[PDB]
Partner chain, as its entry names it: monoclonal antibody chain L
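A single chain, nothing else alongside it, follows as structure tokens in the form solved without its partner chain.
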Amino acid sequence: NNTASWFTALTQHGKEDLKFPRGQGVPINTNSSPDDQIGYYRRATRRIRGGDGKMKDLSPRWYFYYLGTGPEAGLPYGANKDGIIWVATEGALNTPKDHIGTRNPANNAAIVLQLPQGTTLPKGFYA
């Protein structure tokens, strides 16, 4: 409603869940420092009614949140939770990114998620 990821989601089109090699996965963001570049993706799988009136489960969306923000703001980095994967630029600081926070869609459009050139993605995520 009024709290969202700063970024569009990575859509999972295949069987493989999202995951990244250590050091990879944090979006580009000119308002972020390297110390800021740590957080998680959270999976959201929606069940919706199609135009034929039949229900269907859409491809999962994985949204990025900086550490200590968003729906799992209280989770420490590395905590095991289904549908949460952790990412950090090497050397990022293990502190909540309060000053970045989350996005209010009434005030700001999402940034289309950009990963660093050469980032590895699992099959079924489109690059």
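Positions refer to the first chain, counted from 1. Note that the rigid core is defined as the largest set of C-alphas that superpose within 1.5 Å between two forms.
As for the form deposited with its partner chain bound, it is not shown, yet the points below apply to it.
Q. Hey, which residues along 10-48 are within 4.5 angstroms of its partner chain in the bound PDB entry, non-hydrogen atoms only?
A. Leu10, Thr11, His13, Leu18, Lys19, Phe20, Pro21, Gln24, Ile28 sit within 4.5 Å of the partner.
(Q) Quick check on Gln24: with the core superposed, does its CA move 2 angstroms or more between this form and the one not shown? (A) No.
**Q.** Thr11 C-alpha moves between this form and the one not shown by 2 Å or more, core aligned
**A.** The answer is no, as the C-alpha of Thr11 shifts between this form and the one not shown by less than 2 Å after core alignment.
(Q) Does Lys81 shift between this form and the one not shown by 2 angstroms or more at the C-alpha, the core having been superposed? (A) Moves: no, less than 2 Å.
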